Amino acid sequence: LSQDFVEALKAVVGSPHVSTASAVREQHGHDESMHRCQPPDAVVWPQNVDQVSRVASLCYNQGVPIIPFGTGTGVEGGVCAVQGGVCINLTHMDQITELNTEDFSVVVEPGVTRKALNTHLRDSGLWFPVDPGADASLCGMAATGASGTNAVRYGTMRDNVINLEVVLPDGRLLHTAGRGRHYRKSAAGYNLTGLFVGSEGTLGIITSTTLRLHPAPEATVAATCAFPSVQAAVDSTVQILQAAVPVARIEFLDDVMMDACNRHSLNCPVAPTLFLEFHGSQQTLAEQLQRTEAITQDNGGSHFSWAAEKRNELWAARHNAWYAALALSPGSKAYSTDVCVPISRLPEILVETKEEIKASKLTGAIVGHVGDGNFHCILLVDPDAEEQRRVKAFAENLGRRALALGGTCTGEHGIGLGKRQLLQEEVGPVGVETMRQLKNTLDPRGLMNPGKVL
Ligand SMILES: Cc1cc2nc3c(=O)[nH]c(=O)nc-3n(C[C@H](O)[C@H](O)[C@H](O)COP(=O)(O)OP(=O)(O)OC[C@H]3O[C@@H](n4cnc5c(N)ncnc54)[C@H](O)[C@@H]3O)c2cc1C
Ligand SMILES: CC[C@H](C)C(=O)C(=O)O
Ligand SMILES: [Mn+2]
């Protein structure tokens, strides 16, 4: 990367906000995945959208790859600079604006985390529900198409992103639904917002997200329920969903995950467990609990172990399940699977996955959003090239089993570097060419986070 180019970057954002230092680049060359660190040639912190546009235009016209960087909590190598280039850390743009409580909407810049937003909204009676375990950038969550434990009731990022401000690869500024617009529904033209949700930084740089806010629940009850087997817990899950109980949260942990979480945080019985949460009025809760306890009882579930601070403890342990797993073998890294299948096929694949983890030398824990037909296998890897090949082969086989059942290889994490072949199988030749034609019209030179997704 030439000295003239670095000085041009410094001319846009200021000398303090450009770094070519080795350690700074290394810190921005990886996320939380096992994908090997690949340092960008420089890291740049734009201070406003004009600077984002001018950095993008400078890189694009000079043939320099651009890697958008939020909080670096992704798990598929999205920020890995496989072709070098300029990593654009967006987190100094950290303002909440256009809070419209009467309309249930707000605009956030990339440095705003869900934590920061919900802190800002305390006493408003509103909250933002999409809750990945990590303290992630909300714009990063829009970029990956994130979901979380609350999604079964309150929707994913795709459900809750109403508008996006995007700096396109050559620097042009796009407001996907129109500048300043926010509304409940539209048929006006082609929906551009949904194209950029889940684009992972390969179609442009998200510099603000307009989010749907939700009313805080009238009352909240959380509980855990222990089961004799994986089959019993997942059958209960499917039957709760088919009974249309509007559960707020329904999270599965197998016995391995439960023990890991116990050890890293809880003293739940070591068993396949559902973490449950219900929202409503006092009477609406009693109805929901009654119908849900009946279904769990039919499948051998324990009487509910009930959970303010205790509920926060419960969900904090769930949100840290990734780190609880890693702690089973210190020094190791991890790869998460993320398949999502038609709910009626969830019992087969989860039970089969549990059986396949037992039959192998791999250490794996199972956790996730079974209310969506989605789950994660957290596979530990010693950074033992043979173990890492066995983990990667396990992940691909599980992905292909999900595709065989009519499902998808990723419910929320994305494709990044890890699932590019699975995506080709998932949508076929015409799906791939169509996605690539979309990529090519927005990023003709292929400089917008190259090597990812497609
Ligand atoms: C402990 C833990 C728990 C997690 N739990 C969940 C979970 O429940 N659900 C879930 O969906 N994910 C989960 N994640 C994954 C991760 O938190 C999400 O994928 C999150 O959305 C990533 O945001 P980020 O800004 O940290 O991403 P980064 O790693 O910074 O970037 C991710 C990708 O998006 C691109 N990108 C980032 N910001 C922008 C932007 N502003 N514009 C354009 N492209 C951008 C990057 O180029 C990259 O390809 C978890 C991660 C951890 C470590
Ligand atoms: C980082 C992957 C993790 C297992 C996750 O997505 C979750 O906590 O639901
Ligand atoms: Mn998850």
Side-chain angles (χ1 to χ4, degrees), residues 28-33 35 40 46 52 56 65-82 85 87-91 93 108-114 130-151 156-158 164-169 196-209 251-253 257 260-261 275 315-326 334-338 340 365-370 372 374-379 410-417 448-453:
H28 289 84
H30 70 88
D31 49 18
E32 292 296 315
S33 76
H35 292 293
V52 179
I66 300 153
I67 309 101
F69 192 108
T71 47
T73 69
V75 296
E76 274 292 11
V79 300
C80 295
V82 295
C87 170
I88 299 187
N89 184 317
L90 300 155
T91 60
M93 285 173 296
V108 298
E109 292 179 350
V112 185
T113 64
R114 168 185 192 260
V130 189
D131 62 318
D135 200 18
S137 161
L138 289 163
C139 290
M141 278 152 71
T144 64
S147 76
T149 75
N150 290 318
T156 66
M157 282 317 278
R158 177 161 309 268
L164 295 166
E165 179 181 273
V166 185
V167 169
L168 301 178
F196 289 90
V197 173
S199 60
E200 299 187 39
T202 66
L203 302 181
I205 305 156
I206 297 170
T207 53
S208 86
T209 304
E251 292 293 305
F252 172 76
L253 288 78
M257 191 76 267
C261 283
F275 288 7
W315 295 114
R318 167 59 187 95
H319 285 147
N320 273 296
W322 174 255
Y323 297 118
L326 255 347
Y335 184 76
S336 184
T337 66
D338 187 31
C340 178
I366 300 171
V367 65
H369 318 302
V370 289
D372 302 323
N374 173 228
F375 71 98
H376 313 295
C377 192
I378 300 167
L379 304 164
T410 174
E412 60 170 11
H413 286 163
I415 303 291
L417 289 166
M448 195 69 251
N449 205 0
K452 315 299 170 52
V453 187

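One-based numbering, in listed order, for ligands and for the atoms of each. We use all heavy atoms of the structure for the numbers below, so side chains are in, but hydrogens, waters and symmetry mates are not. Residue numbers start at 1 and run along the sequence shown.
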Can you classify the ring geometry of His376 versus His413 as parallel (below 30°), tilted (30 to 60°) or perpendicular (above 60°)?
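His376 vs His413 ring planes: parallel.
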Has the side chain of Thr337 got a donor or acceptor atom that lies under 3.5 Å from a matching backbone atom of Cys377?
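It does hold such a pair.
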When you measure from the side chain of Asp31 to the backbone N and O of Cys80, does any donor-acceptor pair fall under 3.5 Å?
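Side chain of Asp31 to backbone of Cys80, a donor-acceptor pair under 3.5 Å: no, none is there.
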Any residue meeting side chain to side chain contact (heavy atoms under 4.5 Å, CB included) with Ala321, in chain and number order, not counting sequence neighbours:
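Counting only residues at least two positions away or on another chain, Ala321 forms a side chain to side chain contact (heavy atoms under 4.5 Å, CB included) with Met257, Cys261, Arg318, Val367.
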So, at under 2.8 Å, which protein N, O or S atoms would a careful student list around the Mn ion (ligand 3)?
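Those protein N, O or S atoms (cut-off: under 2.8 Å from the Mn ion (ligand 3)) are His369 NE2, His376 NE2, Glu412 OE2.
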Mind checking whether [X] and [Y] have side chains closer than 4.5 Å, heavy atoms only?
{"X": "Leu138", "Y": "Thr209", "answer": "no"}
{"X": "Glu76", "Y": "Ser33", "answer": "no"}
{"X": "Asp135", "Y": "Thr73", "answer": "no"}

If the test is side-chain contact (heavy atoms from CB on, under 4.5 Å), which one of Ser199, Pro68, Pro65 qualifies with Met448?
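Result: among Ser199, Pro68, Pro65, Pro68 is the only option passing the side-chain contact (heavy atoms from CB on, under 4.5 Å) with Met448.
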To check you understand the geometry: which heavy-atom pair defines the closest contact between [X] and [Y], and what is its length?
{"X": "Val82", "Y": "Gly451", "result": "CG2-CA, 4.2 Å"}
{"X": "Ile67", "Y": "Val79", "result": "CG2-O, 3.5 Å"}
{"X": "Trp315", "Y": "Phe275", "result": "CH2-CB, 3.5 Å"}

Which protein residues have a heavy atom closer than 4.0 Å to any atom of ligand 2, listed by chain and number?
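If the criterion is a heavy atom under 4.0 Å, then ligand 2 touches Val75, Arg318, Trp322, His369, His376, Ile378, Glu412, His413.
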So which protein residues pack against ligand 1 under 4.0 Å, heavy atoms counted?
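Only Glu32, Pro68, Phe69, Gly70, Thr71, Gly72, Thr73, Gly74, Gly78, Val79, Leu90, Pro132, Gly133, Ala134, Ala136, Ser137, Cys139, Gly140, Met141, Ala143, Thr144, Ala146, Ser147, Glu200, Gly201, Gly204, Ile205, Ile206, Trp322, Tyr323, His369, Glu412, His413, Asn449 have heavy atoms that fall under 4.0 Å of ligand 1, ordered by chain and number.
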For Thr207 and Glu165, test the side chains for any donor-to-acceptor distance below 3.5 angstrom and give the result as yes or no.
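Yes, because at least one side-chain N or O of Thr207 sits under 3.5 Å from a partner of the opposite role on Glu165.
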Taking atom types as modelled and ignoring hydrogens, do the side chains of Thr149 and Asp131 form a donor-acceptor contact shorter than 3.5 angstrom?
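Short answer, yes.
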